[PDB]
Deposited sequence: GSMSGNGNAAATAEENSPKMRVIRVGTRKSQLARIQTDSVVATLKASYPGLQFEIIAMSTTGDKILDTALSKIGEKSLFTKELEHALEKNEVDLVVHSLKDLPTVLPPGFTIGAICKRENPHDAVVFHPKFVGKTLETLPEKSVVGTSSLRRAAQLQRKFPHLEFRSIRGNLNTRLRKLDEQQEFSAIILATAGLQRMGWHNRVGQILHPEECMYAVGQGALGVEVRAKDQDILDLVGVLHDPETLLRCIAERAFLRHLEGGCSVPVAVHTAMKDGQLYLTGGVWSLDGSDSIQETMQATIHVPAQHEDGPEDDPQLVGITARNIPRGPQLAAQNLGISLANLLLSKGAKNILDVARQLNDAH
């Protein structure tokens, strides 16, 4: 009568690397336990979810920014892992290595299929062109270097780092240039919402500071009626007992913009707990072993900033962008 922890992965390289980093952390906490990785084949979220409900697998690893602020019923995010670098990065064509976006020749084409990235970068760099680029990270790096269309592309720093492409990171974008997506750089572990055994085990992965930052960022996004699909961006930081949250929305061209910052006293809790089970998820995340007070406070900060943005016309900016 054995028990093996079954871990679902997409077989794509980056998804597989993320899965292994999490399994490695679990093995270190649970050396006496057995894990089995089950390769399978954004439809991919659906099918890995399908295997979870069909009980073919026990946990799957996502980039947090790829999960929506409300998960389908019967699933939850049981762990938010310690955040890697959240910043967007510029990769340059070999001809332009050493340059910045500030020093590219006028009318260079920058590749990105993110509405958030294009809107912010258009606003700050009027003399540049931004055009859609499709594919995974290696395919985008290929189309940048071999085809002569693009002079640069935008990618998450975290993804390049995980892929072993740290050296192609040419410039790391600051918040004044491009704020990042909600939950960028953090990994989220999705599990069956009722599965207390697996929820127990993966709970060891929660990093308190990352969990609180991502609750505030996801609550901001959810209250604005947003997902991966909208031109919304954020910056969070925890220092000296303060949780800072900057949030922004943009027209698809970046000409219209509301951006404000708010803060609150949330101390990063050092202790673990065994909170009650009937405590519901917060923005899709189950963290019963972290003190709940700081979580609720982070959720309120997100909501407060969304309300401030909405009172300055955010819903109009977002509804106008969506219809295009």
Deposited-sequence ranges lacking CA coordinates, in order, are 1-18, 60-76, 360-363
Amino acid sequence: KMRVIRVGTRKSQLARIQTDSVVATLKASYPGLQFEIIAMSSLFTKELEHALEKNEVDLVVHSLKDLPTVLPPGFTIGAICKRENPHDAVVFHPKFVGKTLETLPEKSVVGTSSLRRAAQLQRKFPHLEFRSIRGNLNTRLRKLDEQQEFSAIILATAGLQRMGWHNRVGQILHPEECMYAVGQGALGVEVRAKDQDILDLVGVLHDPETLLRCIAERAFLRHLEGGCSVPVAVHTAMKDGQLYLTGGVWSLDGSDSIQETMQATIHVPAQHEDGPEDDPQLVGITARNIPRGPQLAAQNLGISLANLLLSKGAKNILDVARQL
From here on, numbers count along this sequence of modelled residues.
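We call the rigid core the largest set of C-alpha positions that still match within 1.5 Å between the two forms.
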Which segment is farther from the shown form on average in 6 other deposited structures of this protein after a rigid core fit, 100-108 or 228-236, going by CA atoms?
228-236
Greater Cα displacement in 6 other deposited structures of this protein once the core is superposed, comparing 152-160 with 90-98:
90-98
Coordinates absent for residue 43 in a third or more of other entries
yes
On mean C-alpha B-factor from the PDB entry, just flag whether 142-150 or 249-257 is the higher one.
142-150
Take the C-alpha B-factors listed in the entry for 101-109 and for 187-195, compute each mean, and give the stretch with the larger one.
101-109
Residue, from 42, 286, 63, 69, that the PDB entry assigns the highest Cα B-factor
42
From 96, 165, 180, 220, pick the one with the largest CA B-factor in the entry?
96
Would you please rank residue 200 by its C-alpha temperature factor against the other modelled residues of its chain and give the third it falls in: lowest, middle or highest?
middle
Looking at the C-alpha B-factor of residue 215, is it in the lowest, middle or highest third of its chain?
lowest
Tertile call for residue 157 (CA temperature factor, within chain, third-based) is the lowest
On the chain's distribution of Cα B-factors, residue 9 falls within the third called highest
For residue 134, does the deposited CA B-factor place it in the lowest, middle or highest third of the chain?
highest
